[PDB]
Every structure is written in structure tokens, then in C-alpha cells.
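The form deposited in one PDB entry is given below as one chain in C-alpha cells.
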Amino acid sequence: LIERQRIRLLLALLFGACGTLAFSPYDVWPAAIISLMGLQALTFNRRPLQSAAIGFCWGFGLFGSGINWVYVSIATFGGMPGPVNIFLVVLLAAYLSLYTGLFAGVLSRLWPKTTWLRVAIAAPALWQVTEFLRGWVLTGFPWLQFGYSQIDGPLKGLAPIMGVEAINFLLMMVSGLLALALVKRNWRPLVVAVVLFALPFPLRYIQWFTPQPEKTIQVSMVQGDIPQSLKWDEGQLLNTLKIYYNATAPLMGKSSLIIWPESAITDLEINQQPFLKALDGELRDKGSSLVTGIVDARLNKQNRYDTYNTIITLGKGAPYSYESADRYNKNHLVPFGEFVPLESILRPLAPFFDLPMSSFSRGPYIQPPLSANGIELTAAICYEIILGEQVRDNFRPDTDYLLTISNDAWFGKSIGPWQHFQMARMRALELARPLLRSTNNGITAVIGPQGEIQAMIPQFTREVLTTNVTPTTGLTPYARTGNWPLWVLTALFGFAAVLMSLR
């Protein structure tokens, strides 16, 4: 028989890479089940170290093929030779692949026999703990979670109840039973798998929200398409400010809310006071509000400058003040982009090399929703929208819309900005709120309360997306409880499965 560990590692690579087809650009949702079926079936009847090796290679295919878009960021930021960046991409993919090896290795140790307890009970619970660590250890990088591939799929109804991680759970469960049915040539796990998969379908029709048409507003989002910063001089700041203002001016009397993307204003907040105070007056005059990203350096009590990635509000119902509490400061910073890991390497800084000291500061985990024109917006900047629990914790029942401002000009023309967009849609469906995503170039859109794309403008263009958005009010089960029910389910599955293994 050709079942040999060399073959299994080769197939793990292909079934892992197959998982990339499930996500935003390709959107083949059944690829998630086939992907997880390979991981489930290939680890059958293996030593714990052989299984861990197969789990690693599955993760290497998935993350190698689907996360490789980070290269362009490493290339332009890191300042490294070409093959060094390639090595660093292989490094990152390997790091994430560890958690998949850990999953397979632990699963094979406690549940070596190929049984429905292994695939249906132990696997989903362990996968939950595994995938939790991947997105937690260090800052965490929970990219490529197959739950997001169901945003338009049959399992979308599960999301507003138990959240996206419940779709991760059920998919690992259903894929496990199918791998068992195939390997053991037994139709019974197939029937259960189909039933477990089909039952959540009617839930996609439940509306846990209700719209508020009397609050319908016309919202505008300016896609500035301002290029990467090659030279910062007052000539580029004046060009940027002109582009954004000139696009906002004709909308001042019509659109109740105007949004500019992440770090849209390319100068410090303290250096723009005349501009902003004058812009706040013009908006209040015509009865409009502006929400724009800006980089804000702020003197601490210690008299040291703390630089924030901010969101500031202007206009009607949001009078601009540098001391205003109506602002959002980014919390979760990109590990190598916005801060430096291991700041304690300051010893080689002064003697020998020129080491980066440049690092952003973090805002609070919980922040009140931005108010503009009497509209409540719970903001998340860029990467932060992929963090399900953080967005839910900040979410308030009076929130009218979810707000994301991002700058994806890096990773442009790649799968990355789409995978990012796909996870932003998940937030709207989970919380039953419209989501307003204004970016610099990549994927400016409006997403309804069920995750449907309401309006969208093409990438890499200089445009304004103006459309009517009506807010929603009610509370979903996930918005109340969060992922506590899933962790309760995961505990009961792990309790049973470990108790069964220990007997």
C-alpha cells in the first residue's frame, strides 16, 4: 500500500493549500470541508509525532499559499534582500503551522483510534483551543479561520448566535465525520455529517435586528487613493488635504456623515488645529459630520509624546476639540509595523547598529462609540476588525453602525485585502449592524446587518462612495453572550473526550 509518511506529508501540503480557495477572492466554500477532511483523514492511524508532522504540513500548505501576501509588506518595510523576505514568509507560515501540528499531535496521542469520538467530539474542542492559541500567543494572528468562508454559506445563520468560531467548530465536526465515513466506508457518519451541516440552514432567515428607517442617512466615504509616502513635504500634505477636502465640499449639504480612511490626514493632529477648527465650522454650517483618521501625538503626564493611530470626529453633533473624548485610538497594533517586539534590545541601539525606536501607543481595550450627527459608531481600525470578541466587547446596544477605516495600499493587488474584507463582513452579520468600511484604496464598501455587500467601489481608484444606510437596533445572541456558549460547548466536549481517553 502507498500509505507511507512521505506520501501523507505531501498530501497534507495539498489539502492545506486547498483551504485557501475557501476565502474571499476565490470564495469556494466547499474547499473548507475538503481541506479539513484531509487534515482529519491523513492523521488517522499515526504516531503522535507523525500526526504532528502531517498537521504541520497541512498548516504549511494553508498558510504558505494563503498568507504569502505578507511578502510585499516585508519587502517595502523591512529593507531586506529578496531571498531574506522569502525566508521570513516561510518562517511566518511555519510558525502558524506549529499550532496545526500541535492539534494533530495532541489529537493522535489521546485519541489514536479512528472513531467518531475523535473526529466529532475531540477534534472540534481541541481545534478550538488550538485556534485560540494561534490568535492569542504573542499578539496573535488568527488569519484564515474557515468560519469566515461561510459568510454567504449555509452555516451563516449560526454566526449571530454563537459567532464565527462556532462555524469553525461545526466545520471541523462535519469534516471529521465525512473523513470517518470515507476512510471506514460507513454511511452512518455521512448521514450525521449531512444532518449536522443542513440543520443550521433555516437559521439564516432569523432577523435578530430590526431596521430604523426614520434614521436613514446618506453616508459618504472618500477613497483618497493617496500613494505611499515617498517624500513627506508640505507639498504632499497640501495635495492630500486638497484631494480629501475638494471631494467633501460638494457633499457637505447632502451626506449626513462623511468618512475618511486610516491616517487620511498625513500630519499630526496638533499641527492641523487651524485646518480642523475651520473644517468643523464648515460642516456644522451645512449640517454634516466628518469622521477621519489622523496620527495624533499627545504629551503624557510624564511629558513624553505618545503617538496614536486615531479617529477624530467633526461637524454637527461632534464639535471638534483636541481635548474631546469623541475619538478612537487603535488598541491592537501590528507586531512589526506599528510597534517593535522586545523593546529590551535597546542595549545594542546606542553602541553599534541603528535600531528602530519608532513605536505606536495603544488605546484602551474598551472605548465608547463615536458620536457624529447623533449617530453611534463603534470603530475598529484596519486589522482590529478581524478580532471578533474585541469588536463585540466594544459594541453597545445603541450602536447604529460598525465603522472600519483601513489603509491596505500595502498588499495591494493581492488576496490579502480581500481576506481582510471577508472578515469585516463577519462582524456585521454577528452583531446585526451595518458596517461602514472606508479605505484608502482597497475595498471601500457598505455591508448590511446580515453580511451582504450593500454598496462597493472598485479598488485602486480615487472615488467617493455615497449611498443611503439605515441603522438597526436589536441584539443578537452573540452580541449578548459572546463566545461563552461555544467555550461551554468546547468544555463539555473536551470533558467527555478526555474523560473517555483517560477512561
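Note that residue numbering begins at 1 and tracks the sequence as displayed. Each form is matched to the other, and the largest set of C-alpha atoms that superpose within 1.5 Å is called the rigid core.
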Next item on the list: Between 155-163 and 250-258, point out the one with the higher average CA B-factor as the PDB entry records it.
Entry: 250-258
Item checked: Entry-level comparison of average CA B-factors, 490-498 and 6-14, reporting the higher stretch -> 6-14
Item checked: C-alpha B-factor winner, where the candidates are 105, 368, 235, 147 -> 235
Next item on the list: Can you pull the Cα B-factors for 419, 100, 175, 303 from the entry and say which is highest?
Entry: 303
Notebook entry, point to check: With respect to C-alpha B-factor, does residue 141 fall in the lowest, middle or highest third of the chain as deposited?
Noted result: lowest
Next item on the list: For residue 392, return the chain-relative third of its C-alpha B-factor as stated in the PDB record: lowest, middle or highest.
Entry: middle
Next item on the list: Looking at the entry's B-factor column for C-alpha atoms only, identify whether residue 189 ranks in the lowest, middle or highest third of its chain.
Entry: middle
Next item on the list: Select lowest, middle or highest to describe the third in which the CA B-factor of residue 316 falls within its chain in this entry.
Entry: highest
Note to self: Based on the deposited C-alpha B factors for this chain, I'd like to know if residue 481 is in the lowest, middle or highest third.
What the structure shows: middle
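Although not depicted, the form deposited in another entry is the subject of the following passage.
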Check: Once you align the rigid core, which of 278, 270, 199, 349 turns out to move its Cα at least 2 Å between this form and the one not shown?
Finding: 349
Check: Comparing between this form and the one not shown on the rigid core, is the C-alpha shift at residue 76 2 Å or larger?
Finding: yes
Check: Honestly, after the rigid core fit, is residue 230 moving at least 2 Å at Cα between this form and the one not shown?
Finding: yes
Check: If we fit on the core, is the Cα of residue 247 displaced 2 Å or more between this form and the one not shown?
Finding: no
Checklist line | Cα separation of residue 62 and residue 340 in that other deposited form versus here, shift of 3 Å or more | finding: closer
